[PDB]
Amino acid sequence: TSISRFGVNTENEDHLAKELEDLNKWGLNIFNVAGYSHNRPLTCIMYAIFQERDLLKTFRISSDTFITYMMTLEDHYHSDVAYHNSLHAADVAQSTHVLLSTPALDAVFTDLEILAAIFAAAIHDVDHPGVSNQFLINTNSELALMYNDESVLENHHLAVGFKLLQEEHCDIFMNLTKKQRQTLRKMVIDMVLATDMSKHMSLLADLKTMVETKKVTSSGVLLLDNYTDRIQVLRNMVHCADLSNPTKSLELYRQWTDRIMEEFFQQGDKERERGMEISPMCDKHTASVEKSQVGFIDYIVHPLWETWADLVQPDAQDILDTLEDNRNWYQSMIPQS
């Protein structure tokens, strides 16, 4: 049916399989995957990642249950949102899947930790409406009321994602022990909340101390003795994945840039209509896309990736090199005097 081969029904089994040959690579093209999955990249990639990692066997999750949860999860991403839709979530899950296999980390995490990070990635933007926390707070929106102006979206994402486990044949965690569930749940909450950019400076600071204190085994594998160190590395890992667009090949990055700006400008138009001040970045009449990308990189993406790369030295060199090449491409495109 192919639904068993890929988790989704598509006449393009062959093309889809070709794209998935790069499941374990940074250079996977999730846009193509969306094309050949009848626009269900999340269900598809998660299915592929779960097969590659043996996680349905390990946690005793029937494909029925898995595919039903993922399709529901995917339907709760909004297709009319330009950036924060299932494709982005798919990208992040797949990117996290790759980061987990970094040779300096590959031995380090339990399957339950691997499960949690990848599930977190999948859920981390579900039911995103295409506007920032701040817009939500300033418009006295229902979600901001529900969450007291604090990580309003990131809280909602977790809620929706855990809530969907209760639908008919959707409980993918049924056959974990109660203790496994509790641990997984804590780890997921921590990772998804860490995706709020208001924590970025705080994760980075912590990541930096992991680097200043890094111990390695005789084989070269990072040594992370306790839960706190482990969850610190994973929460940063999921954050890196979330901020990975500029480390991908230029072709992929430019599309991510188009989409994020499309989403910002949609927000800016809603701000204009309501007579509010237009948030920075969100005014189509005045943004420099190119300079913005370079700032993004100079102040947020590169520092974070430079520190990740120190942690896993040299296992992220190629990612760092690509980011630098992409930075200089965006630089060269800035209009001059």
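Position 1 is the first residue in the sequence shown; the rest follow in order. Take the two forms, superpose them, and find the largest set of C-alpha atoms that agree within 1.5 Å; that set is the rigid core.
- For 98-106 versus 126-134, the mean Cα distance to the shown form in 7 other deposited structures of this protein after rigid core alignment is larger for 98-106.
- Taken in 7 other deposited structures of this protein and fitted on the core, 187-195 and 211-219 differ in how far their Cα atoms move from the shown form, and the one that moves more is 211-219.
- Relative to its counterpart among 300-308 and 52-60, 52-60 has the higher mean temperature factor, C-alpha atoms as listed in the PDB entry.
- When the mean C-alpha temperature factors of 40-48 and 266-274 are read from the deposited coordinates, 266-274 comes out higher.
- Of the candidates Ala121, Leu203, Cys170, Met187, the one whose C-alpha carries the top B factor in the deposited record is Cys170.
- Residue-level temperature factors show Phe109 in the middle third of its chain, judged at the C-alpha atom.
- Sort the modelled residues of the chain by CA B factor and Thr322 lands in the lowest third.
- When all modelled residues of the chain are sorted by CA temperature factor, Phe135 is found within the middle third.
- Ranked by C-alpha B-factor against the other modelled residues of its chain, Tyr77 falls in the middle third.
- In the PDB entry, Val294 places in the lowest third of its chain by CA B-factor.
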